[PDB]
Every structure is written in C-alpha cells, then in structure tokens.
Amino acid sequence: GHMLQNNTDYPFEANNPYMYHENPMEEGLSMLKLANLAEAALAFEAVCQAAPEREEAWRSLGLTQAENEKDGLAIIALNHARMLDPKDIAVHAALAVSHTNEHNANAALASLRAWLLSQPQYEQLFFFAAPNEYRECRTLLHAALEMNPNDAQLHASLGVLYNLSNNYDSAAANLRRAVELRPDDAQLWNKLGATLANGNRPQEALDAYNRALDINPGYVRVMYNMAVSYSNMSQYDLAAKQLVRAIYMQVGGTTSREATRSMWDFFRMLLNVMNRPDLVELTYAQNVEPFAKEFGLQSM
Amino acid sequence: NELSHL
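For the protein sequence lines, the chains are B and E, in the order given.
In this note's numbering, each number is its position in the first sequence, counted from 1, plus 10.
In this note's numbering, each number is its position in the second sequence, counted from 1, plus 82.
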C-alpha cells in the first residue's frame, strides 16, 4: 500500500510543474549534473509529494537544498531520509553540516556521531552548549583517524566539529588536508572557505570559493559565501555582483521567499553603504533585473 | 563581520 502523508512538515512549493512529469527523480538528478539546484530541488519535491517513502528522494532534496542555501528545508528533508534509512551516512554528514550552520550544537554532534558509528568500519569504537557530547565526538573521530589515517571525510568531519567550537585554526588544517586528498570535491573547498572566512581569513577563503565554483558553477551557497567574504573585506562592488548572482541562481532565474528575503535585506545594506539610495529603493520590489543590468551581469 | 556557511 502507498503512503502520501509522511511529508506534512515540509512546505512544498505550490505550482510545481515537475508533478506533471513522468520521471521527476531522473530529471532532478539530471538538473544536479547541470548544477541547476533550484530546478533540481523542485523535481525532487515532486517525487517527495508523490512517493514520500522513497528515501533517495528526500536525501537528494536535502542535499540540494543545503547547497541552495536553505538549511532549514535541508534539515526537514534529511530527517525524513534519516527515518527511512538510518544507515545512510550521507544524510548524517549533511545533517551535521546544516545543524552546525543553524547553531544546533546537540543535533550537530549527534549527526557526526551517527555518521561515524553507522559505518561498519568504525562501529567497533569546555564546549559550553554540549560539553561531553563534543569531547566524545572529538575522541571518536581521533580514534577513527588512527584506524584509517589519510581519510578525507574524517578530516572533513573534524573540520565541522572544530567549526562548532570556533577552533578555526584546527578546522582549517583538517579541511586543508581533506581538499589536498580530494581537490575536485566542491563541498570540501566550500567548507574550507567558510572555515577560513569565519576565522577572519576572507582573502584565503575567496581562493577556496573560486576553486569550489570552478568545480560546481551553480553552487549558490559558495556564491553567497563569496558575497559575505567580499562584504567582510568592504569590497562592495564585488560583494554586490556575487550577491546578485546568488539571488538569481537561488530562485532558478526564470521561475515563498524568506531565505531570499534576508539576502535582499543584506543586499540593501550593501547598496546603502555604497551610497546608492536609488538602488536601495529598488530592492523593496525584489526583482533581480535592475541590479543585473546596473552591475554588468546582464544586457541593458 | 557576516557569517559563512559550511
């Protein structure tokens, strides 16, 4: 028997043309290979609306959403996948990352813990918000690294752990190691960039983001993160240009905002600081075109 | 400064 309603906690997009298609899962996967995340997410939403028992659909949706700068929706989707397959280690890794971003410390540590101990190769094994949980995660990961040295994902996972406690120096070293081992992994470069940025190294962060974008040119979270690093260095032309790219790509260019509404408000702050009150007035309407044109990304 | 995301 089919089940249609283990999905009522997810705010599905209303007018989803993928609901009319024959194989939206296949199409979502194709859109991912194209790096069209907003579009990928809509196709996976269709699958989760029709077949909410398909774990792979929730996993793909979750992964796509966090890449499209929507951690809250990522966590909702991923929790479904986690219920339908508690050994899907990609779901646990992703939950750790999105919870770290959301500053859910207990959930992040629990996700790193499940990530490790769900793998048969490792199952034998003052941070104020969750002190002994953090120490146990550190210990597990270090024990794992002595059984499997030079593992990129253990080093990445230590990176996430150390981001949680603001030990950006140790996080950077570990993620640096992980990208040396896997230099075509866009997420790893992004993770290293965010770590450097959060540790007051934006110039180095931007080098990592460029590598991430050269790998995955539709990686909207990297685009956002570049806006952030540029803004942190007061380079507002560069910030503005990347932020406009991010907004456009996040919504899927030609196509329920919220994630978008704070990016627009952030963009307003940039336009204000650069002394452009005409441009500021335009942000209220939340149309990309004026800014795409003003900032050299499109036409005229 | 503003926060970056993993």
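The beta carbon of each residue, even a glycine, is placed where N, CA and C say it ideally should be.
Nearest C-alpha to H152 of chain B among B:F136, B:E37 and B:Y172: B:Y172. Inter-residue distance for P21 of chain B and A48 of chain B is about 15 Å (C-alpha atoms, whole angstroms). At least 8 Å separates the CB of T74 of chain B from every CB of chain E.
Three or more beta-carbon pairs separated by less than 8 Å are not found between the segment 196-212 of chain B and the segment 259-279 of chain B, which leaves the two stretches without contact. Where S70 of chain B is concerned, the enclosing alpha helix (DSSP H) starts and stops at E65 to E77. For the segment 170-187 of chain B, the beta-carbon criterion of a distance under 7 Å to any beta-carbon of chain E is satisfied by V170 and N173. DSSP places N210 of chain B in the coil class of the three-state scheme, outside both helix and strand.
The C-beta of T265 of chain B comes no closer than 8 Å to any C-beta of chain E. Closest in alpha carbon position to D161 of chain B, among B:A188, B:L122 and B:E37, is B:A188.
Interface with chain E (8 Å Cβ-Cβ cutoff): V254 of chain B is excluded.
Counting C-beta pairs with one atom in each stretch, the segment 53-70 of chain B and the segment 30-42 of chain B have three or more that are closer than 8 Å, which means they touch.
Listed along chain E are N83 and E84, each with a C-beta nearer than 9 Å to that of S241 of chain B.
Judged by DSSP secondary structure, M35 of chain B falls within the alpha helix (DSSP H) whose first and last residues are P34 to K43. Considering only B:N89, B:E66, B:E79 and B:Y144, the residue with the shortest C-alpha distance to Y258 of chain B is B:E79. Using beta-carbon distances, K201 of chain B counts as an interface residue toward chain E, with a partner under 8 Å. If you look at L292 of chain B, you'll find it in the alpha helix (DSSP H) that goes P287 to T293.
With 16 or more other Cβ atoms from the protein chains shown falling within 10 Å of its own Cβ, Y219 of chain B counts as buried. Interface criterion not met: the Cβ of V57 of chain B is under 8 Å from no Cβ in chain E. From the beta-carbon of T110 of chain B, the residues of chain E found nearer than 7 Å are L88. At a cut-off of 8 Å, the C-beta of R123 of chain B has no neighbouring C-beta in chain E.
In the three-state DSSP reduction, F22 of chain B falls in the coil class, being neither helix nor strand. DSSP places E55 of chain B in the helix class (H, G or I) of the three-state scheme. Where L85 of chain E is concerned, there is no enclosing alpha helix (DSSP H), because DSSP gives it neither an H nor an E.
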